[PDB]
Amino acid sequence: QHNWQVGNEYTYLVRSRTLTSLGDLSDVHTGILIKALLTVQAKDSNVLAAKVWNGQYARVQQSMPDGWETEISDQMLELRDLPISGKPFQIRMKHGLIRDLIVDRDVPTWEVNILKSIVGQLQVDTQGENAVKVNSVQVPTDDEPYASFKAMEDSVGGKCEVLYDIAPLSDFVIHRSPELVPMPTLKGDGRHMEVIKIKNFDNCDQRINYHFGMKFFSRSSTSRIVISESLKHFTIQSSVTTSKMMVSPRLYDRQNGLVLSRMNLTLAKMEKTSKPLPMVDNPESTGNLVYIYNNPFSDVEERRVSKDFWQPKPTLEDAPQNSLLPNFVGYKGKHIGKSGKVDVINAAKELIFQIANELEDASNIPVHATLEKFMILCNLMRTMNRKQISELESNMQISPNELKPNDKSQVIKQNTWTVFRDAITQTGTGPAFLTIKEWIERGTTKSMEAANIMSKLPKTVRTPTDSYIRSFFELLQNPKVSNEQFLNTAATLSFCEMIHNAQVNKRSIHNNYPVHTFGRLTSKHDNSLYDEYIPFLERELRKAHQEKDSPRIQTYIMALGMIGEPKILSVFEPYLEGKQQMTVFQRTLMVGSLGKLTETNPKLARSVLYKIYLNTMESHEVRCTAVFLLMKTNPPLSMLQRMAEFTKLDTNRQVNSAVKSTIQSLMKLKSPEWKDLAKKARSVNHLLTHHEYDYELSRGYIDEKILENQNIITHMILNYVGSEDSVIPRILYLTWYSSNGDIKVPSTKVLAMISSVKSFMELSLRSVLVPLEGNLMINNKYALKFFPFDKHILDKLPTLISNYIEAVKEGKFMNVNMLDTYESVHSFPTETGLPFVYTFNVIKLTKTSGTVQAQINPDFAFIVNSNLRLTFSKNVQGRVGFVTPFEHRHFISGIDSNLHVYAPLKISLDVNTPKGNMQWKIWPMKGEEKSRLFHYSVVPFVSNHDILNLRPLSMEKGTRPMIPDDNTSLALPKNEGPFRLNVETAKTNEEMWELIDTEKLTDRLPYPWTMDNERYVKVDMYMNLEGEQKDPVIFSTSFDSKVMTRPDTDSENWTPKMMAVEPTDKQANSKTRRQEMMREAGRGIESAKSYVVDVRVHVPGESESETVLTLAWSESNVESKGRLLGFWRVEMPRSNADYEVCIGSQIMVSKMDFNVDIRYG
Ligand SMILES: *[C@@H]1O[C@H](CO)[C@@H](O[C@@H]2O[C@H](CO)[C@@H](O[C@@H]3O[C@H](CO[C@H]4O[C@H](CO)[C@@H](O)[C@H](O)[C@@H]4O)[C@@H](O)[C@H](O[C@H]4O[C@H](CO)[C@@H](O)[C@H](O)[C@@H]4O)[C@@H]3O)[C@H](O)[C@H]2NC(C)=O)[C@H](O)[C@H]1NC(C)=O
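The rules we used
Residues numbered from 1 in each chain as written, not as in the entry; some residues may be left out. Heavy atoms only, no water. Residues with missing side-chain atoms left out of burial classes, pairs and counts. UniProt positions renumbered as here; feature names shortened; annotations may be inferred. Domains from an automatic or database assignment. Contact = heavy atoms within 4.5 Å. Buried area = accessible area lost by both parts, 1.4 Å probe. Pairing = 2+ DSSP bridges. Helix = DSSP H or I, 4+ residues; strand = E, 2+ residues; numbered from the N terminus. Axes fitted to C-alpha atoms, helices over the stretch in contact; angles between N-to-C directions. Parallel < 35°, antiparallel > 145°, perpendicular 65-115°, else oblique. Left-handed = near helix turned anticlockwise from the far one by under 90°. Disulfide = S-S within 2.5 Å. Buried < 20%, exposed > 50% of the residue type's maximum accessible area, 1.4 Å probe, protein only. Expected span 1.5 Å × (residues − 1). Bend = angle between axes of the 7 residues up to and from the residue. Near = heavy atom within 4 Å. Polar contact = N/O pair within 3.5 Å; in protein donor to acceptor, adjacent residues only side chain to side chain. Areas by Shrake-Rupley, 256 points an atom, 1.4 Å probe, with all protein chains shown as cover. Nonpolar A, V, L, I, M, F, W, Y, C, P; charged D, E, K, R; others polar. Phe/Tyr/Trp six-rings, centres within 6.5 Å; stacked < 30°, edge-to-face > 60°.

- In the PDB archive, cryo-EM is given as the structure determination method for this entry, at a resolution of 3.0 Å.

- Looking at the PDB entry, one finds the chain named Vitellogenin, with Apis cerana as its source organism.
- This entry's official PDB title is "Cleavage product of vitellogenin from the honey bee hemolymph".
- Regarding the chain, the UniProt comment filed under Function reads as follows: "Precursor of the egg-yolk proteins that are sources of nutrients during embryonic development (By similarity). Involved in the differentiation of honeybee larvae into queens."
- You can read under Subcellular location in the UniProt record for the chain the words "Secreted".

Here it is as structure tokens:
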């Protein structure tokens, strides 16, 4: 109860430290230490006077072999003053506990947070004031040092549950450690005690964190407090806290990233007061001991303190207000642009110009670190308002309508436009969306560029509010978007995806957006959805159905499907029942669009899908979809039992094959997710039919790849619906997961459909009832795309091809660039009072540049002289660390990786229609004789840099890569050759990397996927003098008329044994390929017209390898199939290897084909 006495002055020693490290990889730590003093005076019953006055801190980047808890003498540290004002403040007490603090208004919020952390260690609850219904058991106690209750205490990390335990202190411990009891004469007639607190962060009331994504963290807070005489009238002697955070840097590693912290107080003096502390000027309450936010863009301090501790909802003109990320609280708790050394507009301009200039020298992209610059730019523009964006756009003089993209002189301008467009697409704020809206309104972006812009918005928006969606709706109503067919689909799908992820799915609402910083994004009282949006889509669907336009119907069906609200069932009801006519493809799309309803409302979705299944009058491509969808809802045992029993009397082969394959393949699933369903499938197996179906029928299939060593499970779900006319199935479902622990990366799913394969084949052959309909969908982490098509687009395609051919006659220049990013941030305060930041980034690039000119002739000579460049890069960054606002510094431990592919090449295709000769030529271009073609490095590091400097970390003097002591280097090409390969791996014992590079073992696997992906590697594949090559790499391909002989077809014996035609194909010549063409086509010719495709791949130079190939067969319904073809003979002109592997298949059964494996020489 009475922790303190009136008229006494307590002096405490303050010690703390916060460090980051790479874990078991290295023993190098980066961080800071703090030393200070705390003075507390008890002047009244519930009024305390406090002051923290001495302040010193130092930065450490060392190796700590013994441990992070070791003492470091002041003679080994460079100490600096801590910019905190030693202004007195007041602590208000209630029932022996800390209630709130009173601080002068002219004090920064970060200082208030540090004081919260310091004072939170004086909070001892011995009488169970924060009762958790366990203090009643402790009530009948009298002089009992033992107590093991539970409570709910206050700390900078939040207001979370804490476990208590009290027991007396023995004299042996005190003798070993005099540090615990500085002055021991204060116990008087009592005894010493120990209090241990263990903090649980799972269940908790007040939470403060920032999130954006789509449990790997590990928090552990413990305390150790020693108190003097009595459990009611005592004195605090020492208090220490210890916290630890563990993160896997790249989501698939062994949890190596650490952040550690501690706070320390030891009593120094206690004596009667002589001079009192001055009263607090300009008082104001700071709430409880929990972290508080700030206004980043305000000139004066503005604290949101509960008495709702929540930042205001983002608007559509001003920047969002966050208080846990480096760009918002780095500069003394305020915005970075307030520094003066940083002007946002000029920084953005310089970064854009640098990125645009560096894209011309693509072979040096990894060296210059362009993609890291792109990420820095995207981070920087999230702190801009619309006025600043408009000023920047006007200042860079961008007018793509005026600019000519086809001119080689104007390349940097187009690159600036491209980089700026990509950066705004990835910004994700309100001003960015206003900028995009203004662009589309005026006409700066028209069809495909705008469709690409809209395709990425749902995957990059961070704060989807009501105003954001209202503006999106207003944009959807625009004449320009509505009239264009391609832009409309992208815009509508993105709108519906955002609606769903922001309002419908509670899991999406809570676990994907920073709710604990801004509150719930959309108020539950907003009836805008049901009164405005869904009726609009219903009207549009009705109009589209009336006019009989396939792509519009498909777009609105997908749009209503992706919402996932139960009202879409009433929306779809008139079409499903049969009052309104609809085709089978459209009905299948409607039934498959119900996927997100199964995730959110499993019972109702199960009811409707089972009702669809039980009907025997629906087409099989409806019921198969119903089966494939039901098993995503975890049915009960009776359901599966009845479904399995149904197979005996069911009269459809497709449905039975679907259910049997799904149930049988649902057995081997020994995973934490499908365990119960696997057991149910095992229990029901003994009732399925004994009939077996061919692989051409509809079948589902699930792959489980469980790896105990890697602790990662990879899944693979494949559903396809067979057809009664062609072997190729009509509909294909494909999905890839990647689960490690509990967190999963967003999945990649592909959907392909077509109404009739025979119709598609007939249209394809003609170019050289049920309408032709089809669509393709790719939904991955980067964008959502949907291409629906009808017969009109198929008939328009040849016109576009002819127009392109006639337009590239004189010569055309092309410049296509593409940039994509992926983000995931997680931030929360530590137990010292400082932000903790975790980031995971991926950046991609696909650049295709060069001049292309063609020619077409009445002789059908499609003569082309192409000249291209090809590039692909990928950067992956994973970082963990913390920020110190009082010096704008950021401490990072992480691993970065790179991958780079460059394809400088020149092509001359001379394909002739009358005679199937398509002779290519591949050259190295002039001035590019020596160039880099490959790069792959993985680099772990510890960094200590300044936020005001917007530069890649590789150029910062504080960064330190982890180079092993015994690093070595290898140059694989033994002597002079065409190719140069370097490996700069280290430790001479990685084995998995220096064995795949041996290139002398035949059994060695060339695949490098199976390797340790956490080590310093660096590989470069250069090229020395392959250029200036007059001799080309001939790639000549011939063709055959595919004739057949009737006498040989009749009375032709069929045997499983396969003969070898190698002696007949001894001559490896394209001209001699005509001689061998008759033998290959003639063999096994039973009313079949099969041609031969012979390629003569020839490589000139010092080493020549005349690789040859032959595919001579075709698929015919009348024929018995079985392809006899294939031989790869490689001859060295100097030392002939004569590697001549051959294959073949003459089974002629339509069931095992006998294939010869190899034959050497
Ligand atoms: C919370 O913070 C407080 C201080 O803010 C820490 O208290 C300190 O704890 C350390 C370690 O327990 C103490 O260090 C020990 O000091 C002893 C006395 O130092 C000298 O004192 C005088 C000079 O003033 C000399 O005349 C005398 O002869 C002593 O030499 C040392 O004897 C101890 O030596 C230990 O280390 C050496 C070298 O490794 C070994 O050879 C020894 O065998 C022995 O293990 C030791 O250095 C320090 O005194 C404490 N400070 C105070 C003010 O009491 C708490 O430890 C901290 N809490 C946590 C959890 O870290």
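**Quick look at the domain arrangement of the chain**
It is common to give the size of an interface as the accessible area lost on bringing the parts into contact.
Here comes step 1: Under the domain assignment, the chain is made up of domain 1 (8–272), domain 2 (315–323 + 428–521), domain 3 (528–633), domain 4 (638–686), domain 5 (698–786) and domain 6 (1037–1142).
Here comes step 2: Spacing between the C-alpha centres of domain 1 and domain 2 amounts to 45 Å.
Here comes step 3: Every contact between the two is made by seven residues of domain 1 and, on the other side, 10 residues of domain 2.
Here comes step 4: Around 850 Å² of area is buried between domain 1 and domain 2 when both sides are counted, 51% of it from carbon and sulfur atoms.

**Here we look at the sheet that holds strand β37 (residues 1092–1097)**
Here comes step 1: On the basis of which strands lie adjacent, the open sheet formed by three strands has the order β36-β37-β38 and antiparallel pairing. Edge strands, defined here as strands with exactly one partner in the open sheet, are β36 (1035–1037) and β38 (1107–1112). Averaged over neighbouring strand pairs, the angle between their axes works out to 10° when direction is ignored.
Here comes step 2: Here β37 pairs with β38 via six bridges, running antiparallel.

**Regarding the packing of helix α12 (residues 466–476) against helix α17 (residues 528–547)**
Here comes step 1: Close contact between α12 and α17 brings their axes to 12 Å; oriented N to C, the two are set at 25°. With respect to their mutual orientation, α12 and α17 come out roughly parallel. Crossing hand, α12 versus α17: left-handed. Contacts between α12 and α17 involve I469, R470 and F473 from the former and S528, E532, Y533 and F536 from the latter.

**A closer look at the packing of helix α8 (residues 386–395) against helix α10 (residues 430–442)**
Describing two packed helices takes the angle between their axes plus the distance from one axis to the other.
Here comes step 1: Remark: α8 packs on α10, axes separated minimally by 9 Å, with the N-to-C direction vectors making an angle of 50°. If you check the angle between α8 and α10, you find them oblique. Along this stretch, α8 crosses α10, giving a crossing that reads as right-handed. Along its contact with α8, which presents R386, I389 and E393, the element α10 presents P431, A432, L434, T435, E438 and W439.

**A few points about the UniProt feature "disulfide bond" in the chain**
Here comes step 1: The UniProt disulfide joining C160 and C204 is present here, with an S-S separation of 2.0 Å. Of this pair, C160 sits in strand β8 (residues 159–168) while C204 sits in strand β9 (residues 193–206), and the two are 44 residues apart along the sequence.
Here comes step 2: Owing to a relative accessible area of 18%, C204 belongs among the buried residues under this scheme.

**Comments concerning helix α30 (residues 1070–1082)**
Here comes step 1: Between its first and last C-alpha atoms α30 spans 18 Å; for 13 residues at 1.5 Å apiece the expected length is 18 Å, and the two agree.
Here comes step 2: A bend of about 40° at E1076 is the largest found in α30.
Here comes step 3: Looking one or two residues beyond α30, the residue adopting positive phi is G1084, at roughly 60°.

**Remarks on the side chain of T588**
Here comes step 1: Residue placement: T588 occurs in helix α20 (residues 584–592).
Here comes step 2: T588 has contacts with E621, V622, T625, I731 and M753, leaving out every residue within four places of it along the chain.

**Here's the deal with the site of the ligand**
Here comes step 1: Near the ligand the following residues occur: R15, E71, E179, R262, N264 and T266.
Here comes step 2: Contact between the ligand and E179: an oxygen atom at 2.4 Å from a side-chain N or O atom of the residue.
Here comes step 3: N264 places a polar side-chain atom, nitrogen or oxygen, 2.3 Å from an oxygen atom of the ligand.
Here comes step 4: With the chains in place, 25% of the 1100 Å² that the ligand exposes on its own is no longer accessible.
Here comes step 5: In terms of residues, the shell around the ligand owes the most to one element, strand β13 (residues 257–272), which gives three residues.
Here comes step 6: When grouped by side-chain class, the residues that make up the shell around the ligand number no nonpolar, two polar and four charged.

**Concerning the state of the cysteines**
Here comes step 1: A full pass over the atoms with the stated rule returns one disulfide.
Here comes step 2: Note on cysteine connectivity: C160 is disulfide-linked to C204, with sulfurs 2.0 Å apart. Disulfide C160-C204: the torsion about the S-S bond is -75°, which places it as left-handed.

**With respect to the packing of aromatic side chains**
Here comes step 1: Evaluation of the coordinates by the stated rule reveals 26 aromatic pairs.
Here comes step 2: Seen in terms of ring centroids, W4 and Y12 are 6.5 Å apart; in terms of plane orientation they differ by 75°. Their pairing is edge-to-face.
Here comes step 3: In this structure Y12 comes out as buried when scored by relative accessible area, which is 1%.
Here comes step 4: Each ring, one from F472 and one from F495, has its centre 5.7 Å from the other, and the planes form 15°; the classification is stacked. With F472 in helix α12 and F495 in helix α14 (residues 485–504), this residue pair connects regions lying 23 residues apart in the sequence. One exposure class covers both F472 and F495, and it is buried.
Here comes step 5: Each residue in the set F433, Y468, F472, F473, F495, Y533 and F536 is aromatic and connected to the rest through ring pairs, giving one cluster.

**Description of the pairing of strand β1 (residues 8–21)**
Here comes step 1: Burial analysis of β1 places 12 of its 14 residues in the buried class, the great majority of the element.
Here comes step 2: As paired strands, β1 and β13 are joined by 14 bridges and run antiparallel to one another. Note that in β13 the partner of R15 across the bridge is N264.
Here comes step 3: One ladder, built from 13 bridges, connects β1 with strand β2 (residues 28–42); its direction is antiparallel. When the sheet's bridge partners are listed, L13 is paired in β2 with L37.
Here comes step 4: Here β1 folds back onto β2 in antiparallel fashion, the turn holding six residues, of which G23 has a positive phi close to 90°.

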